[PDB]
Structure formats: C-alpha cells, structure tokens
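Scroll down for the structure; my scribbles are underneath it.
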Amino acid sequence: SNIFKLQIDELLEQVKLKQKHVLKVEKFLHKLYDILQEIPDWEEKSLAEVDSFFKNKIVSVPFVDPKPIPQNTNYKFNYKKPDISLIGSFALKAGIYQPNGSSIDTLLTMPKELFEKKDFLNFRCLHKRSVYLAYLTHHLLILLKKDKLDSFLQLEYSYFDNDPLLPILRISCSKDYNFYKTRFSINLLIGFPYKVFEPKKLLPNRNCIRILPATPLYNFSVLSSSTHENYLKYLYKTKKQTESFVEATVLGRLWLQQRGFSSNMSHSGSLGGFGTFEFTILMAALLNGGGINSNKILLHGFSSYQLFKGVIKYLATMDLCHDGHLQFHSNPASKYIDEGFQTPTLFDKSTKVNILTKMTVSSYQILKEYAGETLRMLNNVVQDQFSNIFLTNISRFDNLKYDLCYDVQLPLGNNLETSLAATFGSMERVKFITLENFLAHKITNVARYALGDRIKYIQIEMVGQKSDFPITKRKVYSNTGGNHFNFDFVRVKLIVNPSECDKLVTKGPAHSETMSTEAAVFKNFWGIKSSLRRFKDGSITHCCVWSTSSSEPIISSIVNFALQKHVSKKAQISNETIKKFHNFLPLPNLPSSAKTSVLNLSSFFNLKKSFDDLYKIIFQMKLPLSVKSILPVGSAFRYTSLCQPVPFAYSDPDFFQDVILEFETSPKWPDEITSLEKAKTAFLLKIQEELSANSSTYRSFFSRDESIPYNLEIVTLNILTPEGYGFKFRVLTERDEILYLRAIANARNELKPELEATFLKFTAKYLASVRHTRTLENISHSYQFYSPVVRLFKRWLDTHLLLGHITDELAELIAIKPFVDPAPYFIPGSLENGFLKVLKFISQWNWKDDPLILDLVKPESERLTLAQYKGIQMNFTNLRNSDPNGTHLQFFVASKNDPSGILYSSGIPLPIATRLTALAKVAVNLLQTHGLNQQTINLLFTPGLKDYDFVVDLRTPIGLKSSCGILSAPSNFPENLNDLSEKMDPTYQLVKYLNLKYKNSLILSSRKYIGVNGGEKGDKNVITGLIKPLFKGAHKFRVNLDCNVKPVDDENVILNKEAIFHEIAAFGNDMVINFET
Amino acid sequence: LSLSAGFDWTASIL
Amino acid sequence: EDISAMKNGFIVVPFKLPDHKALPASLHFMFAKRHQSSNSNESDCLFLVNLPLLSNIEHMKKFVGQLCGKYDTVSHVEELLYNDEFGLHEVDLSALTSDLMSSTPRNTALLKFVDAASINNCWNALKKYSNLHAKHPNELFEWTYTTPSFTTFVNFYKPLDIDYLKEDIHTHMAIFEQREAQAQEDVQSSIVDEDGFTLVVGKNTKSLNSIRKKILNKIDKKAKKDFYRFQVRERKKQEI
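What follows is the structure, given as structure tokens:
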C-alpha cells in the first residue's frame, strides 16, 4: 500500500498545474468581468424587432431547432445585467495540467424578471437564452475592440457538453493579457436562476414540449441550466468535510480520460456522459450514504486511495440503470432504491435533477465493466497495477479498444433522403430533439435486438461531428451535412461475445397456439429471414439460420441485413479489415473449408481421433517393459499449428507431430548415454515390427533427430496413420535426465556453460514440452480466439523471416499475454483485436528492464503467489545483473511451467530480437499515421527485404502449396517412402546448418512455411543474410578468426563474400536461382 | 510498399 | 594479388570457384602451414585454415593429385584430422558420462600424409602454387565442390536402413554388456592394496570409476557449556 500511496503522490505533482498560469488567467477574466459590467441593458423586443437588430450585425443568434417562427414567438425578448459567477473544476481548484488544454466555466445568471412561470414550455426559455447570448456577444465583441484585446482573442459559439440545446460562447487566445501559454479557454454559460420553474414539472416522466411523450433530455437541460451554483455549494461544503476531496477528484479525472470518458453528450453517439462532475457528485453522495440501509459507504476520514476505491467498487457492483437507482439530497441520507428506471439514473430529490441523463444505457454497461474490471486490479496484490489503471490510454485506437468496427454510409449524404427524414416522426422530435440522437437510438436498438447475446457491448460513434461554429452562423455546419446533419458517417463498434458469436442459428421465442408478443416482434423484425424450426430435443421455436464463412463472421452478415431492412435499404455496410485478416489465415484443403468458421477446430479433433486409434494399439502390444504413458506434444494437439492439419498433406513442416513414449521405471537402463538411446531405439524397433505385423495398414520409418546438441544417436519413429496423419515418437527414460546432469558435473569448467545449454534444449523438448502443451490446450478452450491469432502471429513472423530463430513456444507465450493479462484492455474477442494487441505489447515491451511473466490460468488455484512472483523477479534481476545490456538473453518469459524464465528464449541472436521489436514499433507508427485499411494491412504482412546485406532467391522444383493442404493434392502416401523427400522443402535445414558454420560471421534467415508464403505455387523461398560489424570491416589475421576471408595486406584480411555465395549456391543446388547483394 | 526497419545491433531501439 | 605468403607464415593457396548461373573470377583462399607435433597421429601433417564448405578427404586427394601432376611431385594424403565444419564432434559426451566405451580450433583441420617425403614435396608445390596467383591467375585450379559425400549430406530427408540400424544396436550393446560385466566383477573382487588395505565396495556398485568420482564429489552438539568448575565460574563471572 505504501508503494501505491507514493505512486499516487508522484502522479499528482506531475499533473499539478503551474500556479503562475493561474494568476495569468485570474488577471484576465477578472478584467473580463469588468467588460461585462460595461455592457448596457435592453428593452422588450419581439422576434421581428430583435431580427431587425441582428439583420445587419456580423453576429447571428444561435437559435436552437426548432427556431422560433413569427406565429409562435409572441412572447417578447429582453436583456438585463446578469449575476456573474465562476463554476466548474476551476471554482473548486481541482484542475490539473492538460496538454490539449482546459476550460474555465463562468456562469451568467439571466435575471429572473426576464422570465415567466411557464417559460419552460415549447423552448420558450431556450430562445430567450439564445438572444441573451447573442446580445452579449455583439457588445462583448465591440468592447473587445475598444480594449484592443481583439488582436489575440478569437470568439466562437459552441454547445455545452455537446448539448445542441445549450449554445455557449468560447473565448480562446491565439499566439500582457495573452493567456495562450496557459492553455485555457474561458467558457461563458448563460444559466438560469434557481427555482424559476417548478422542478416537479421538469421531472423526467413529465413533458414540456407540446405536440403525451416525456422529454427527459429537454427537461434536463433547462433544469440543469437553473441548477449550477447549488451543486457548487454542495461540492464546496464537502471538500471541507473530507481533506481528500480534491485528491479523490483528480484520480477519477485521470482514470476517466484514459478510458476515453467525458462529460459530453452520449445520446449523440460519443462515448462519455460520465465526467469529473458526475464522478464528484457521485462520490459526494456516497460520503452522505449510498447503502440500501442508508449507511455511509465512504467516510470523511478516508484517504485518496480509499475514496477512489469505494466509488470504483460502488459503480462496479451496484446497478443504476435496469434494476436499482440512487437518490440523494444536495441541500437526507443517500439511499439505494431497488427499483430502476431502465436508464442510468442518479436522482437528486432536493433539485429533482437526474445527473445521469446524459449517460446512455449502452455506455453505462461499458462504464460498469471498466470499473468492475479495474476493481479486480485494485484488489490485486501479486502485481503492481498503478501504471495500467492510470498511465495507459486505451482510447488511442478504436480497433484495439473495440473488437469489431463497421462504418455505415447513409444515403444522400445535401440532405438525407425523404424516407429516412420521414421516419424521424413528430413523436421523436419531442423525444429526441435532434435526428442524430434519434438515429443513434434507432441503430442501437436494431443492432442490440438483432445481435443479442452474440455481443457484450455496442458503441455507435458519429464520425466527424462538430460542436463549435462561427459567430456568424446560427448552427453548426457539416460539409456533407449542409446544416441538416452534423456528421460524416456512423461507425458501429462492438465488444463481441466469443462463446456465442459464431452460432449458426439465432434462437427466438418458442412456438405457441396464440402468437405471443415476443414472438410477434421476432417475426416482424426478421421478416422473411424469420422461420419456425424444430430440433433434435423436440422443441419448436422461431429462429433464423445463417451461414458460416471463412472470410467474415456471422456478425457482419446479421448487422448488414438488420440495418438495411429497418434503418434504410440504401445503407452501405463494409468492414474489409477483418476480411483481409481472415484471408491471411491459410485456408485448409478440406471439404467445406470456405464455409468453415475461423473458430472451428474440427480438423484438430480429427487428428486427435486418429491418434486415439494408434494410442490404443500401442498399449495392447506386448513389450519387455510395460508402456507407462504416451503424451502428445505436437503443435496441433494444442491448436497452435499455423495451418490446420490435412490428411496426407505431408509436405507440411508440422505434419509429423511429436509424441513422447515413456516406459515403466526399470533398473536395467544403460548407465552410459550412448547405450541408453540405442536401447530406446531397440524399443522403437520392436514397436515398429509388431505394428507392421499386426496392423499392416499403418506405415512407418525411422529418422535422424539432432535438435539436442551433441546427442547424435536419438532416433525417432515416424508413423504414417491410415487416416493420413503423421506422428513422430521418441522415448523418454528417467535415467536420461540425471545423465545430462552427470555430464555437466564432470565437464570442464570452460565447457560447463556449453553442456547446460544442451540440457536446456533437452528439457525444452522432453520435460517442459509436456507441461506446455497441457496447459495451453486446456486454457485454449476458454480463450476462443487464441488458436487463430497465434497462427497469424506465426504467419506474420514467417513473412519477415523470424520464425527460424524464434521457437514456436516463445511466439505462443508472447501471443497469450493479451489474454492472461488483458489489462488495461478487455479480453480480445476478434481476430483483428487479438493480433494488433500482440503488436502493441511488443512495441512497448522493454525486455531489457521489464520481464514478461504470465499466469497461465483460466479467466476468473494455480495463480502465482507473492512468494513465487518475487522469486521470479529476483531471477530477472540476477540475470540482468550478469547481462545488463541483454546480449546473451533478450526476452525473459517465465511462468509456473518456466520459473527460470530462459527456457524458450535462449539462443536468439540480438539482431532478431531487436528486429522483432523494431518491426512492432514501426507497425504501430504506421497505424497512428494511417488508419487501418486495405493498403496498410498489406504493408504489415509484406517484407521489405532491403535491410539485409545480401538476398538469395530459391525456387522448389514443384509447387508445394497443394501438398501442404492449402486451398489456393496427394490422396495417399507414396509406395516408396523415399518419395516423401522429393516433395519436401529443405531450405530451412540448409539455413540452420549454414548458421552453424557462419555463426561467428553471418546470420542467415529464411521462410519456414513455403506453401503459405511462397507465392501462388508455394514454391519460392528466400535466404537472407547479415554480416556482423567485426567481420564487415577488415581484420588482422589470426587462427581463431573462424571466418572465410581474403588477404588484403600481409597482416590484414577481409570477408570473402563471393566465395560464401558460391557455397550457398551449390548447397541449394538447382534450388538457388539468383543472388542480390 | 513494405514494413522496413533498420537493423539494430546495439539494442538501441529499446 | 601480389600476396604469396603471410607474415605469420601461413601460405595463401588460392582456388578458382565453380561457375553457376546464380553466380555469374571469384576465388576461394586457403591458408596453410607445416604442423609440428610430437604426437604420432599428428605427425606429418599440415595446418589448413579457411576450408571450403564440406571439404572431405576426397577433395584434397583431388587437389593434391592436381598438384602432383603439374609439378611432377609424388605426394599422397593419408587422412584429414579434426574436420568439424559445424562443431558436432567438439565434445565427446560418452567420455564425459562414463569411462566405458570411450577412454578419451574452428574452421581449421590437420591434413596427414604418408611420409615426410610427401609433405616436403607438397609444401614446395604449395609455395610455387601461391606464386601463380600473382603472375598467372588463369591457370589457377578449380574447386569442384561436388563429391559422393556431398550428395549424401544434401539428401537430408532419407529414412535410415532398418537392417543396418538393427545390426549396429546389437553389436554396440553386446560390447557394452561385456564391458559392464567386467567392470562389476572388478569392483566386487576383493581388491587389496600392496600394503594389504582391502577396498570397501558397496553392493550394487558397478564401476570403480564411479567410486572415485563419488569420493571427488564428496562434537559441537555433544559439547556442553556446564560441566567443569571453570565453566560455571565463567558463568558466575558473567552473571555479575
């Protein structure tokens, strides 16, 4: 807690505003009040008379739609001296430094004599307010000229909190009174006196626009406009009572900004409605009560951490929208009501004002999810979470912040089509003041009703919506709008539910004798798409059936049909980014591959079933030692293989899945290594013979494995299953592991570091591999999108020639970090969201100073405890102490399976580690510069290939794409097993050996999967190399130089590049075609 | 075009 | 071009490279010096550095055969020692783990000849060979780079012969059981020193080498503070 408390204090002083600018603004607006005093009064005027007053003036009255017409504007207009006051955060002195800038809210109280008791009907008070603003702007403008301040002051109108009904004047300063450095803008709010209109008449249920339907939005604006100082006085009291009021406020402010939460309007579409004031008003209420029994949940003695914890805890678990609401008295213990108004409600009995009126239902769930999601990190003790909760902006990219994004282009967008405009209807102008508010509600409701359980959260954003307009104009002007609609286009963003996203059929209400209302709306909503279907269980229900595709999810089709049918038949819905991502995933060459969804693992299961049949045979075979257990460890067994398994597609590198065979513990195992495997081979030999005799349909052969250094006698049995799958079997013996330890102990001190590396690979293949496949497999079920995203991640690495040096396990652990540790983000539920988040992590990962440690557990045991957590931390510090610059080790990946942290990340050259991070950083930079689109995504997955010193082009004799099981094909294994090799791609084996020979001098790379990244034929692969700095320049000759060089002087040599190329060329033989240097 | 990043051999990008 | 011998004494031995379409007068350069050693198996050898990729004994038989013909020198190569183009055989794990069955730079190797008559002949031919690159590079020899061993190495994906493997396993273990048998008898045979000290060997012990390494690998509580007059006298001293 002490660490967290000090972290808070550090954050506050960093964001603390500089007091010098406070004086600078205080100097200005203090004089501004004097200018307001000069402004003269006015007499009663009709709309005709005020219009004559403003016909020729540069200023234009910003009348709120519907603008007053001569018939209904019988009530007259007048201006009188307001009672100025300063309100907002600046009044409470709780503001902070904001690079984008802050705003100071100065309130103008229209004198009460300028209103009638019934001016809150039919925009009567609003239009009076508009001219009052207009009259002030004219006089303020001329006086600004008189004082010569106009030179550096720019004046424009704007909507308060993006509220179209409340235009305001904004003062900002361009580059003595110049406050441009202060980064502040004075906002002039024309508020109403308190209690001018009976608040009971302004309750949300009541209506104030005659046409009856209620007017919650219109009622809130006028009532809120009349209640500003009262809340300030309410807040002003509280900060005395609790010493930590302003501190608790700013922590809320920073938290809200990172999540992209603001006080601005939300029914328009912008995510927000919950701002500092709502955070402050809420937290004030909790200090006065908040419980069902009206007990205090927060105490004035609480510190900033406790005050912040309670409000975040409060918002997380108690519901304010559907079931339950709060009432408090600003002027009486606050109590939680179980009843709900179906909308975010924070009632104030003293003022009869709901503070959450601007807060939308859809946004409220997201707000609730964030608080509850953060409450989990706040309670977390294993890991520090200060940075994530507060120092991480998740609103930078929507696609990172939202799983799916669809942009919809409405028709006729210099006015919207008559049909869509006609759909607006009069009941909705009274309900929704602006068509933008109505249209956002329309698209939300159909999208929510259509998708249902397929999604968790939906956000509708109106791209290109402006809120400030020139003083010469009455309302905001959009380029496509033509003063009709203030937006460019609508973007539909979702947080999908992986569990039920891809369901083929959307279930509906059950059949009945009489058509029920719920069923009725179901049939009407889906129209022809509606159908009544029966199932195996025998239930009869109304449901509509969709079709799965390998290119796009069901979510794309449903929203397209639903929006077109209800919103407008001419709408255009397009999300090509996900489609391009889907296409990059290699399409398997199985029946109905195209119609298969990306989340289906039937291919993997079929491979497992084939293994099960063999798994039975080997048990029943009699051997000298009873078989103990066979543990499959292949990539496909954990649903991580880049391309799905395909029968007889033996050209695939991952065709042969490794399998560990272990026998009963015996004392007769050889005590010397070389005999031990040769005994293991003897066991494999007998297994092959009996398998050949009893089960002739199975085919088998032996192969040479040399992955473990210096153990040149480990022999593996490759089994070709009749279903068309390959399995590689290796024997594990308990004596095996001690023998390697024996080798390390007896080895010379200089050689011990080499031997331990040999052990490191052994445990990586035999011991840790078992644990790796087990946990990833089980975890993969909860994380539906893990199996796809990892495969694209490996595909992305292969394109840039990184898989050759990066072990497949390491890629998996990097790719699961966004899932086991999604904070501050959510669990990815989309292919795009998961992949880019992996990119985001790698870009910002400081592997030199920050270790990567993962809790391989299912979503909320085996969770890392404090002792284990600290233990892993000490390991990183000890390693970095020996390797500060990180040459020997770059990536530190540890978990329960890997406490050492070096198992899967050892031996990677630093250039490849830097190249990996360098690629991730640049990729993120491209995203910021240019948005996700077809052009960018192509750049992400195409290799530059120019940075490499020399590049070698290779082509295989035949196209391997068909034999790899990739649909742009063998149906049986060759009669002669020697004929497997002719359809193989050996370039990786070429590179690995060439790496060994030129380890001291060169770093060669190539594409592992040629069928995927080898063109249409899958036959072209490229070998790329790098010359180290030391051998790039000339060197003095010495015996230990260990490089192919040529003389220049009697004691100087230089790298012999041309000789190396010839060695490379003839090694590939006919494979090599061209050399680029 | 393509994603091209200058190869770093001193871990300077980090 | 003019360089013929290196100051530290390694003679340059240039080679002409093969002609290939991918590679449209590129040369490969070897560096050699006479090797001196008292060891017999290392005697009559020549240091080589910067060998071509996969240089087996047959390659040098061609090269020395080439040198013999042009300069009419009788030189015959026995073998190529310490040729590890990829470092597979740098460490002998069999020797490390146990003594039974195994009683035991880089980019360099030792090239052994039949007799001292061959080596002084070959070295003199090598010196004249170096001089050519300065004067007449065209007559420089060409490295074929292709040998039967190369083809086997190129064929990475070749299933092993089951019949051959079966014989190898049988012969290997059959020797092992013999070596294991004698080792176990030796330890449990009542070993007695020249001065009559009988070694103690535990049951199940198999190798005397094992016993040695176990040795290499590998009162205070009964002391009581209060038994003697001086002890309590010391206690009485500190008590006050």
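Protein sequence lines, in the order shown, are assigned to chains NH, OA and NI. Using PDB author numbering, the letters of the first sequence map in sequence onto residues 100 to 274, 282 to 317, 326 to 445, 453 to 534, 537 to 983, 1009 to 1116, 1128 to 1236. Using PDB author numbering, you'd call the opening residue of the second sequence number 1401 and step up by one each time. Using PDB author numbering, the letters of the third sequence map in sequence onto residues 4 to 27, 32 to 111, 120 to 233, 249 to 270. Even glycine gets a Cβ: it sits at the ideal position worked out from N, Cα and C.
Contact set for residue i: own chain, Cβ-Cβ below 7 angstroms, skip 5 residues either direction
i, result
"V121/NH", "none"
"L977/NH", "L936, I939, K940, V943, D944 and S1043"
"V129/NI", "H83 and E85"
"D201/NI", "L223"
Residue-level contact to chain NH via CB, residue i, 8 angstroms cutoff
i, result
"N122/NI", "yes"
"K143/NI", "no"
"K181/NI", "yes"
"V16/NI", "no"
Min CB distance residue i to chain NI below 8 angstroms
i, result
"residue 446/NH", "Position 445 is followed directly by 453 in chain NH, which means residue 446/NH is not present among the coordinates."
"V769/NH", "no"
"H895/NH", "no"
"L748/NH", "no"
"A1224/NH", "yes"
Chain-ordered neighbours of residue i on chain OA, where CB pairs are closer than 8 angstroms
i, result
"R1063/NH", "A1405, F1407 and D1408"
Neighbour-count burial assignment, residue i, 16 or more Cβ in a 10 Å radius
i, result
"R1011/NH", "exposed"
"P1105/NH", "exposed"
"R223/NH", "buried"
"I1186/NH", "buried"
"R259/NI", "exposed"
"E1222/NH", "buried"
Residue range of the unbroken beta strand (DSSP E) whose run includes residue i
i, result
"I177/NI", "Premise fails: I177/NI lies in the alpha helix (DSSP H), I177 to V202, not in any beta strand (DSSP E)."
"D469/NH", "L467 to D469"
"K150/NI", "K150/NI -> not in any beta strand (DSSP E); alpha helix (DSSP H) instead, spanning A131 to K150."
"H665/NH", "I663 to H665"
"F38/NI", "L34 to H42"
Any C-beta of chain OA under 8 angstroms from that of residue i
i, result
"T1090/NH", "yes"
"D1031/NH", "no"
"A399/NH", "no"
"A1015/NH", "no"
"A934/NH", "no"
"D1095/NH", "yes"
Span of the alpha helix (DSSP H), counted from its first residue to its last, around residue i
i, result
"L1200/NH", "Neither: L1200/NH is in no alpha helix (DSSP H) and is coded neither H nor E."
"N1154/NH", "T1146 to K1156"
"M397/NH", "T390 to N402"
"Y738/NH", "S725 to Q743"
"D859/NH", "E857 to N869"
"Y78/NI", "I64 to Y78"
Chain NI residues whose Cβ lies nearer than 8 angstroms to that of residue i
i, result
"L874/NH", "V98"
"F786/NH", "Correct list: empty, because the minimum Cβ distance to chain NI is about 17 angstroms."
"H1221/NH", "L20, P21, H23, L26, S33, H35 and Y160"
Closer than 9 angstroms at the beta carbon, the chain NH residues around residue i
i, result
"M67/NI", "Simply none; closest approach about 17 angstroms."
Spatial neighbours of residue i in its chain, beta-carbon cut-off 8 angstroms, leaving aside the 5 residues before and after
i, result
"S635/NH", "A642"
"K192/NH", "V360"
Partners in chain NI for residue i, counting only beta-carbon separations shorter than 7 angstroms
i, result
"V1231/NH", "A25"
Partners in chain NH for residue i, counting only beta-carbon separations shorter than 8 angstroms
i, result
"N170/NI", "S1140"
Per-residue contacts from residue i into chain OA (C-beta, under 7 angstroms)
i, result
"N969/NH", "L1414"
Residues near residue i in its chain [Cβ-Cβ closer than 6 angstroms; skip 5 each side]
i, result
"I618/NH", "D524, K579 and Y580"
"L754/NH", "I783 and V893"
"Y196/NH", "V114 and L116"
Under 7 angstroms from the C-beta of residue i: neighbouring residues of chain NH
i, result
"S110/NI", "Simply none; closest approach about 13 angstroms."
Under 9 angstroms by beta carbon: chain OA residues contacting residue i
i, result
"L1058/NH", "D1408, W1409, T1410 and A1411"
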